[PDB]
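Below is one structure, written out as structure tokens; the observations come after it.
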Amino acid sequence: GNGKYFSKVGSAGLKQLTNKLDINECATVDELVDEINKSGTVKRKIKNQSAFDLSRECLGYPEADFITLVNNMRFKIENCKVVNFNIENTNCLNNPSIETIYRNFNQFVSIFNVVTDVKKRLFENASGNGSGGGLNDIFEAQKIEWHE
């Protein structure tokens with residue numbers, strides 16, 4: 001899928017969502033959204049969480065170090081999305097943890113652009129008083145020994 005809504009993805013960013021949302025692998029934000037809106041628990045993750053954190057999670061990004069990195073950087077936002085990112089002070093990222101986040105930061109922006117598109121599709125103008133539906137919220141699947 002051509003990164004129009006998203007960017008720097010190519011199923012790469014989406015897969016990190018599908019990873020943390022535990023949904024199936026998706027082709028576009030629409031497909032990524034497809035699983036989310038179908039899984040009110042997952043949509044609920046979107047709902048409860050902030051996009052910045054949403055995408056951060058997909059990297060396993062440590063929250064403090066991530067917040068620290070972003071604290072030393074400067075961004076170019078485009079339609080609530082990260083189109084460009086750059087750091088202003090790299091000395092602070094010198095901590096392995098920050099460098100970890102910074103080096104792979106391209107992942108986060110990709111994922112973030114995805115996440116941002118998700119919330120824009122579901123929660124924003126699409127009956128944005130509570131999304132389309134949220135019935136299967138209480139009908140969450142508690143699969144015993146889900147994890148391998």
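Naming scheme: A, B, ... for chains in displayed order of the structure tokens; residues 1 onward per chain; ligands 1 onward as shown.
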(request) Enumerate the residues of chain A with a DSSP assignment of helix (DSSP H, G or I), computed from the backbone, and present them as a VMD selection string. (result) chain A and resid 12 to 21 29 to 38 40 to 48 51 to 58 63 to 71 92 to 94 96 to 103 105 to 124 135 to 137
(message) Can you tell me which residues surround residue 77 of chain A at a distance of at most 12 Å, considering only C-alpha atoms, apart from same-chain residues fewer than 4 positions away, and format the answer as a ChimeraX atom specification?
(response) /A:81-86,109,112-113,116
Next, dump the selected residues to file, keeping only N, CA and C atoms, as an mmCIF file, in the first residue's frame.
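Wrote result-v9.cif, looks like this:
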```
data_model
loop_
_atom_site.group_PDB
_atom_site.id
_atom_site.type_symbol
_atom_site.label_atom_id
_atom_site.label_comp_id
_atom_site.auth_asym_id
_atom_site.auth_seq_id
_atom_site.Cartn_x
_atom_site.Cartn_y
_atom_site.Cartn_z
ATOM 1 N N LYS A 81 0.562 14.160 12.052
ATOM 2 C CA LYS A 81 1.463 13.039 11.823
ATOM 3 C C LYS A 81 2.904 13.516 11.837
ATOM 4 N N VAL A 82 3.824 12.618 12.112
ATOM 5 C CA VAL A 82 5.235 12.952 12.060
ATOM 6 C C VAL A 82 5.745 12.773 10.633
ATOM 7 N N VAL A 83 6.003 13.876 9.949
ATOM 8 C CA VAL A 83 6.510 13.805 8.590
ATOM 9 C C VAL A 83 8.022 13.931 8.622
ATOM 10 N N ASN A 84 8.500 14.721 9.569
ATOM 11 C CA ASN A 84 9.920 14.790 9.852
ATOM 12 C C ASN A 84 10.182 14.844 11.346
ATOM 13 N N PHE A 85 11.313 14.289 11.731
ATOM 14 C CA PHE A 85 11.768 14.294 13.112
ATOM 15 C C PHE A 85 13.264 14.543 13.109
ATOM 16 N N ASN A 86 13.761 15.247 14.103
ATOM 17 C CA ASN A 86 15.195 15.411 14.246
ATOM 18 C C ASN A 86 15.504 15.809 15.661
ATOM 19 N N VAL A 109 7.822 6.851 14.119
ATOM 20 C CA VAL A 109 7.117 7.838 13.321
ATOM 21 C C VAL A 109 6.197 7.138 12.317
ATOM 22 N N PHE A 112 3.442 5.807 14.325
ATOM 23 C CA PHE A 112 2.700 6.945 14.820
ATOM 24 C C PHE A 112 1.784 7.489 13.740
ATOM 25 N N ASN A 113 2.315 7.586 12.530
ATOM 26 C CA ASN A 113 1.532 8.024 11.381
ATOM 27 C C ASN A 113 0.354 7.092 11.146
ATOM 28 N N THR A 116 -2.076 7.605 14.233
ATOM 29 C CA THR A 116 -2.731 8.866 14.001
ATOM 30 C C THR A 116 -3.841 8.726 12.964
#
```
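Using only C-alpha atoms, the smallest distance between any of A:115, A:21, A:69, A:36 and residue 96 of chain A comes from A:69.
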With 7 Å as the cut-off and only C-alpha atoms counted, what is the closest atom pair between each nearby residue of segment 22-131 of chain A and segment 10-13 of chain A? Distances in Å to one decimal, ordered by chain and number, as JSON lines.
```
{"residue": "A:26", "atom": "CA", "partner": "A:11", "partner_atom": "CA", "distance": 6.5}
{"residue": "A:27", "atom": "CA", "partner": "A:11", "partner_atom": "CA", "distance": 5.5}
{"residue": "A:28", "atom": "CA", "partner": "A:11", "partner_atom": "CA", "distance": 6.7}
{"residue": "A:107", "atom": "CA", "partner": "A:13", "partner_atom": "CA", "distance": 6.5}
{"residue": "A:110", "atom": "CA", "partner": "A:13", "partner_atom": "CA", "distance": 5.3}
{"residue": "A:111", "atom": "CA", "partner": "A:13", "partner_atom": "CA", "distance": 4.5}
{"residue": "A:114", "atom": "CA", "partner": "A:13", "partner_atom": "CA", "distance": 6.9}
```
Could you turn the residues from that selection into a file that holds N, CA and C atoms, as a PDB file, in the first residue's frame?
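The resulting file, out-v9.pdb, is reproduced below:
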```pdb
ATOM      1  N   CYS A  26      -1.930  -6.456   8.628  1.00  0.00           N
ATOM      2  CA  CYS A  26      -2.748  -5.572   7.820  1.00  0.00           C
ATOM      3  C   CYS A  26      -1.949  -4.988   6.657  1.00  0.00           C
ATOM      4  N   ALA A  27      -2.659  -4.565   5.615  1.00  0.00           N
ATOM      5  CA  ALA A  27      -2.026  -4.042   4.408  1.00  0.00           C
ATOM      6  C   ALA A  27      -1.959  -2.522   4.409  1.00  0.00           C
ATOM      7  N   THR A  28      -2.978  -1.880   4.957  1.00  0.00           N
ATOM      8  CA  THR A  28      -3.025  -0.425   5.002  1.00  0.00           C
ATOM      9  C   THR A  28      -3.542   0.051   6.346  1.00  0.00           C
ATOM     10  N   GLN A 107      10.896   3.913  12.991  1.00  0.00           N
ATOM     11  CA  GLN A 107       9.827   2.956  13.215  1.00  0.00           C
ATOM     12  C   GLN A 107       8.659   3.644  13.897  1.00  0.00           C
ATOM     13  N   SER A 110       6.670   6.022  11.758  1.00  0.00           N
ATOM     14  CA  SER A 110       5.878   5.220  10.833  1.00  0.00           C
ATOM     15  C   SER A 110       4.615   4.742  11.527  1.00  0.00           C
ATOM     16  N   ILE A 111       4.839   4.107  12.657  1.00  0.00           N
ATOM     17  CA  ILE A 111       3.784   3.571  13.496  1.00  0.00           C
ATOM     18  C   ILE A 111       2.853   4.676  13.971  1.00  0.00           C
ATOM     19  N   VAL A 114       0.589   5.806  11.360  1.00  0.00           N
ATOM     20  CA  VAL A 114      -0.464   4.803  11.301  1.00  0.00           C
ATOM     21  C   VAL A 114      -1.504   5.042  12.390  1.00  0.00           C
TER      22      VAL A 114
END
```
Quick one: which segment 23-76 of chain A residues come within 8 Å of segment 121-131 of chain A, and what is the nearest atom pair for each with the distance in Å to one decimal, counting only C-alpha atoms, rows ordered by chain and ascending number, as JSON lines?
```
{"residue": "A:33", "atom": "CA", "partner": "A:121", "partner_atom": "CA", "distance": 7.7}
{"residue": "A:37", "atom": "CA", "partner": "A:122", "partner_atom": "CA", "distance": 7.3}
{"residue": "A:47", "atom": "CA", "partner": "A:123", "partner_atom": "CA", "distance": 7.6}
```
What's the 10 Å shell around residue 137 of chain A, counting only C-alpha atoms, without same-chain residues fewer than 5 positions away, as a tab-separated table (two decimals) with N, CA, C and O atoms, in the first residue's frame?
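Produced file selection-v2.tsv, reproduced below:
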```
chain	number	residue	atom	x	y	z
A	38	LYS	N	-13.13	-3.59	14.52
A	38	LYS	CA	-13.81	-4.86	14.69
A	38	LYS	C	-13.53	-5.40	16.08
A	38	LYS	O	-14.28	-6.21	16.62
A	39	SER	N	-12.43	-4.94	16.66
A	39	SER	CA	-12.07	-5.33	18.00
A	39	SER	C	-12.16	-4.14	18.94
A	39	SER	O	-11.21	-3.36	19.07
A	40	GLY	N	-13.30	-3.99	19.59
A	40	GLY	CA	-13.54	-2.84	20.44
A	40	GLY	C	-12.58	-2.75	21.60
A	40	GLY	O	-12.42	-1.69	22.18
A	41	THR	N	-11.93	-3.86	21.93
A	41	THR	CA	-10.91	-3.88	22.96
A	41	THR	C	-9.66	-3.18	22.45
A	41	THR	O	-8.99	-2.43	23.16
A	42	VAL	N	-9.38	-3.44	21.20
A	42	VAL	CA	-8.26	-2.87	20.51
A	42	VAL	C	-8.51	-1.40	20.18
A	42	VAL	O	-7.65	-0.55	20.40
A	43	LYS	N	-9.71	-1.12	19.69
A	43	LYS	CA	-10.16	0.25	19.49
A	43	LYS	C	-10.11	0.99	20.82
A	43	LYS	O	-9.81	2.18	20.88
A	44	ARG	N	-10.39	0.26	21.87
A	44	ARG	CA	-10.35	0.79	23.22
A	44	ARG	C	-8.93	1.17	23.62
A	44	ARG	O	-8.74	2.15	24.33
```
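The strand (DSSP E or B) portion of segment 38-120 of chain A consists of residues 73, 74, 75, 76, 77, 78, 81, 82, 83, 84, 85, 86 and 87 of chain A, with states taken from DSSP on the backbone.
For the atom pair formed by atom CA of residue 5 of chain A and atom CA of residue 100 of chain A, the distance is 26.8 Å, given to one decimal.
Note that the spacing between atom CA of residue 93 of chain A and atom CA of residue 106 of chain A amounts to 15.1 Å.
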(request) Within 10 Å of residue 24 of chain A, counting only C-alpha atoms, which residues show up once you throw out same-chain ones fewer than 6 positions away? Write them as a PyMOL selection string, please. (result) chain A and resi 14-15+17-18+31-32+34-36
